[PDB]
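Derivation of every value follows stated rules applied to the coordinates shown; laboratory data play no part. Heads up, the Cβs are rebuilt from the backbone with ideal geometry, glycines too, and the neighbour counts pull from every protein chain shown.
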Amino acid sequence: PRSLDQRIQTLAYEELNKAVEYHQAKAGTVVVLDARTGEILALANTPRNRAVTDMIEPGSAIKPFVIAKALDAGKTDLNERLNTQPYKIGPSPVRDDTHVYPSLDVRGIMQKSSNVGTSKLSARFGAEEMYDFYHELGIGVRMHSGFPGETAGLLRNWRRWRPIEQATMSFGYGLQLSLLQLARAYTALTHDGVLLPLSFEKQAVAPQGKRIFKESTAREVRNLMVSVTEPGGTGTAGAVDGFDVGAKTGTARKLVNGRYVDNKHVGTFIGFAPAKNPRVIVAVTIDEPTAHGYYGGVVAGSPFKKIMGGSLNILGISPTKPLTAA
């Protein structure tokens, strides 16, 4: 891509390699976007172009979009406190294993990455509505980069779902997209509600977007996502000194031939900073770590944090909150 900033590209490879080494992973990928122009600033892969070719399950990285849709449609607000106790959809249990609370507001649902809370907000929409929404985010929609072997992704026809499936998709499983498509989705949050096409070319202003959320909604959701990286959140491993950082983790069991394997995992970390006025989106996947854990926060949190901090410095953006270190 001619859009690449070689300084960020260099930083991307170095940090990726360090995480891949430490976790003794099979492979890894980094995408860095300009959060307002959609320019592709870094696109880094261990020795094929996985960022473009490899569809992955987004996991918890999809959850802010469910929350954003619920808020945007007025189906919830910042005052509602939802029951977060376990429940069942037919025989299938849905429960929160991340936290101790029997209820959470939407901020808490975000912070704790609540399955119970997110699935309930998704459930306030019909299956077909949610299918259209995922498609609208670009899921199943080719990017037409021109890169060989590019994936469209996977989005199952809504007529084929079960009620368990809709909830499962609200957790980010059963649907799939490339890391580049996921980073694209995040532009709807960073660019004040407007989904960007992305640009492989230098471009100071994106000329054409597609609104998905109100500005107010996107701003609100960005503010909520800061809870993810602050103490009490599930993404503290991605915290960046001096900045409010909006982020999510992803952890998926790897798919081999239709089905899941219990002992292979893909870990993902994605986010943006500064949260109020985003400069870049940074996305990292670590494929099949075999050392020091496998959770997205555990394997991808550190390289995200270093690529983000390093990128904000390179790009001349200064801290918005007191630094606690150098």
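Couple of notes before you dig in:
- Simple label model, 7 Å out from Cα along Cβ direction - residue 17 to residue 260, nm: 3.5 nm
- Straight-line cross-link reach from residue 202 at under 12 Å between alpha-carbon atoms covers these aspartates and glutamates, not counting any fewer than eight positions away in the same chain: 5, 34, 39.
- Pairwise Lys count, the range 1-123 - Cα closer than 30 Å, eight or more residues apart or different chains: 18
- 10 Å binning of all Cα-Cα separations within the chain, expressed as whole percents from 0 upward: 6, 29, 39, 22, 4, 0
- Between residue 326 and residue 154, the contour length at 0.36 nm per residue exceeds the Cα-Cα span by 57.5 nm.
- Gyration tensor verdict on the range 180-280 (Cα atoms; rounded if a/c is under 1.5, prolate if a/b is larger than b/c, oblate otherwise): oblate
- Here the label points at residue 214 and residue 201, each 7 Å from Cα along the C-beta direction, are separated by 3.6 nm in the simple model.
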